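This is the structure I have questions about; it appears just below.
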């Protein structure tokens, strides 16, 4: 093929032009994102039972929905939890590769059929089915600065004037309102209700009848009387619009003539639907908008359009309204792309300087400057065809492959320049001879490199999805690089290269270049004299090689394992957990101290604090709250002490002084749906109907046994809430029937006043909103207020609650968890330093077998996926070695010679492990993929040495040492050139300190250290591997 | 409250015998109560931690301590069938006729749950069999409504 | 025909007819399945000790084995060869007429006394300034 | 049933329309609100789009708007069908 | 085009004083002027 | 009586069912035992 | 109709380039495809 | 697929005749099918 394109350079140019046009078209139409779809499809059924406890929600909603989740394809597991705030979250996780739309529609359809089995209060509230994703493109905060709007007023303005326009913005997949729109609140008074002989049942009855849409009909409707001239629609009763209309609702008329209105017995105001959450941004009220990126949408284009849409709403904002941005992934993506493009252009600049330092002609330096961008552009066209996206994983996959792309261009050009200088052949004839020496080797290299990255894409779960991004990106770039080196580069070498005379090794030149050639030729002779001496005592270097293999095996175990390095994304979390039973006011006192710490002690780093009281995390009760800390730019926070890790450790140490409040800070993970490395997600299932109290004792038994083994298990904590004291009120059926009080009337009076009842809908300024009846705060705080509620009996008498009820204190769970339809207790933990995840899981299984009869166990989330990912690992590594050996056996036509090339693997790994161990980095996916690109490039160099040495023995009839010494001498310059530009190319990644440095250091250090040893060691060890293998066989 | 007093509430609720022992030596408040008025003795009698009840009573804990609703540890021990704790508390001077805010004695709670052994100990310590709650229901009226034939013979 | 799409189309049309169906039929549960006409396999469950009767085994199978097997991928339909337990109230017309009662009074008393009530909370949101107590209120629960 | 076009649009049409965001290959969305009570929201997708997958994606987004709709509308039932504006043919029936 | 419509205002104070249920007013007006769907029947072997 | 889903593999589904039954077996009451009176999958497994 | 007209210029632009590049690769020249592409206006004048 | 020589017939009521009339038509057809044992064997209804 190279000879076909040497005689036809315009055909080769046409292929390169098409590759550039297809790559350019793909660059504009490729979706940009921070991270691609990695987590498996998960669907979350969320329902609400206002004023209901965790057990009421579980026994009437959760169990019913769980029982009807049958006949759904590709389901792995089903976790669910019911909390004391009247909320249930049933998450169904599906197999990786399942159509998330089909998975959601199958879950939704089964919920529709189960709907008539749920309580009327849950059916009225409605149950939503969504795709479980904590991957927000950005969180847009809406604040009030002049103190005129409360948090409910801001939320109403956003829901009716911003949310719809933000949802219609280009590239916006979903918008989540962090707040509740207006709701007609009816704050009942039991003293006023008892005065006119009325109950909350009468209030509900009057609102349902006086606030409703009534179908009336038509004037002159069909069938009409022949001769009708008028046809008109009839409107009778419409929904109420204002608080004045609700206050004027007639409840009853006294015998004296006076009227009893809803405003006489209750306070009518426009409040919020849910009062459980108090959101503050820097001390002032705030609301939010969780914006998610649409499928196939550009993150950078979407964020720009969201800000442009928000700017249009600016002149319409009320007094004091301000738009803040506490969370935004877009600046991280902008830097993640720019730093990759910067490295790719810097590599071309460095290759130009390296090519001109050795070859010393502008005609040669232009060839890689054309070939590299063609291959890079072509990779985007293959990524677009494979349905991939421009994300952090695919962008860093090209950076890791830049060493392979520049090597293909250098290897070809240098070989033509060497053939011209050693034989004096013309640029066209020398290119045919040079290509004939490396064309088979380049095809064999492409097969060996395919056998390294292709099996990496066959991993399963979340890890497999991350590895797939690197496998396709690197294999596609490597295949296109070999295609360009066999089609475009031989054409450019035969037409653009300048002729070199036979014997002209550049030593006769004057100046700096004349000295450099005389120094490099002297160093080349010194290199062959050293290799010759090394080949005399091969036994010493065989022992020295085994020391490197032992050192590599040792450093691999002494390196901490991880999935993705935790980077300074600019934001971090702060958990506030008050004792079981603390009020919302008590949690606000702690949140104010936490906010004061970040705005005083860390005022030079902290930009804003989003204190969300009653945040959904930890049963979303009154005793919980978060503090989302947003920091200033990475340029404004210099040094290691001004980074998230140092700020978090300082904050956690300071918050330990706050007594009766568990306050601790923590950084957010790189991918929210991953959690932690070397950690486990255990589930304690109840497989015999033992109960909650029996399952709690079993959990405590396992937790105490895990503490007895600190050498294997660390931080074994339950991911749930402990039982809290609750007010058990018993309605006496005998006394209620004797007095003539209805049981439904009692439960309605207790439920609507102490929990709040959703009556019906109303229209506020052209918007459909809820109407809630609930007691005023003053009359529903303490057990004494129970007796202040009077229920009307059938005879007309008002009987207080204290006459037919007895109350006592008892313990009950504020959050009941269920795994796979059975009651469960989720237990988190991690392996102790030095122990693997498999060892920590094995001990957990051993301790679980000693638990009481009926207590089962199962692995969920990261543990479920780590069980199936570890089984595929040995087979994928073995297939890589078999196919790599077979590809080399066909290329060399030998069953023994491939071993000389395969022995260079530890030469590149020893340096990568030394660079990461001395720096303090971990064995992350960037380091693992970076290891394969170092191994691959060192094997690429070794293949060209062994092929040259074998062809010298086969064709020229040279001896083993003679041909080996000639091969290393010829391949010295191309090996030294590629390494010089690749090490300098990844140098800015190692020294990256600011924005997104966590990934750049993992890619940079794992490659720079690896390449230093894979160049210094390979030039002296490869000749030994070839000689030792050919002597042995 | 106190740092040691709140720790004792968690230790007596979970059942950590060694933590309770160390807290007693350090001087943790035995009369420390939570939001609902439950002392460490209430939590030990509710969760059935016999050794902790004995350790608390030895360190001068109020055996007749009552919560915001008038319930004492004897009420909790009799209501949840902790026979060994019922005897330990009654030996240490627990009021066998203690009435909560609803007029419910520990005998009513034991009769409702059907704890024959606990009812027998309560009656032995002088529990009033003719005690009426707020609705005028005696322990015998509860036994006949539930259908406990064996309990109706004792009462 | 894609069975997943065929089920979605049939289900969409059934949702329109669902409110027209009687309340007794809706509460029983209407099911839509894409299963084969023949049985793949029958998983029999026996008691070698004789401790459990036919009715007891049928209840255990339905309450502890059926739901998980129905959720298994590739399982279109699960037929319980028995019946899960249910709280049976066997009425006596002689005793009912004796106390001037009807099966309607029985259903009314069971609905009123076997109910899981949402009672609310003590010191719930929006709470008063100076509130220190927060506890869930527990009213009547489902009889066991 | 019986609700005028203004009530039908404010309580039903707007609620469903605000949840039809981020659907794959969506070109445009026209909707009518009759004074009888009928709501007809037609979402046209780009040529080449799987009409079955488009129906599934619309049905999933409708689930989010279903709770906020009035109970009288849910009693009638909301249908999500693939639509066409013109008639293939009209089959007349007469009695001679 | 915009069509005229007949608006009826039921006085809640007058109806409650006379003892007339608002549910009976809305049913009487709706069933007579618009037509109410009571239930189903069998016409020659088909539910209508 | 397990019915195979439309298009689902008979052998893969039977294997998944047996794996789920294995999780329940250690928590069975005294005397409970799983028997297989009807199974079309062993014939497929053997004849192939 | 609007979309048909907006994509029309881009459609003619890529078609001219593809034909030109195909002729350059097949006939191994730059003068050959360039002289052949000058005939496009001779046909379009007649079509118009 | 079937049982090689078995057939599945469906007697339909297309005029609202009713169950009693449809039963009589089925019986008439079943009697006439018995009169031809040379072509039709085991002709019986699959109902109650």
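First chain written, first letter: the chains are A, B, C, D, E, F, G and H, and each begins at residue 1.
As a convention for this text, contacts are C-beta pairs under 8 Å (C-beta built on N, C-alpha and C of every residue); 3 or more make two chains touch, one makes a residue touch a chain.
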Of A-E and A-G, pair with higher C-beta contact tally: A-E
Euclidean distance of C-alpha centroids - chain C vs chain H, Å: 41
Distance from chain H to chain A - Cα centre to Cα centre, in angstrom: 64
Separation of mean Cα positions, chain F and chain E [Å, integer]: 58
Chain D and chain G: spacing of chain centres that average the CA atoms, whole Å: 45
Interface hub residues of chain A, defined as touching at least two other chains: 71, 73, 102, 105, 214-217, 233, 235, 581, 687, 725, 783
Shared-contact residues (touching 2 or more other chains) in chain B: 35-36
Which pairs of chains touch, using the document's own definition: A-B, A-C, A-D, A-E, A-F, A-G, B-C, C-D, C-F, D-E, E-H
Complex interface listing, chain A residues touching chain G: 8, 10-11, 13-15, 17-18, 21
Parts of chain A lying in touch with chain E, wherever the complex brings them together: 209-210, 212, 214-219, 221, 232-237, 250, 253, 259
Chain C to chain B touching residues, read off their complex: 132-135
Touching residues on chain E, where the partner in the complex is chain D: 3, 5, 30, 34
Touch list for chain B against partner chain C, complex: 35-36
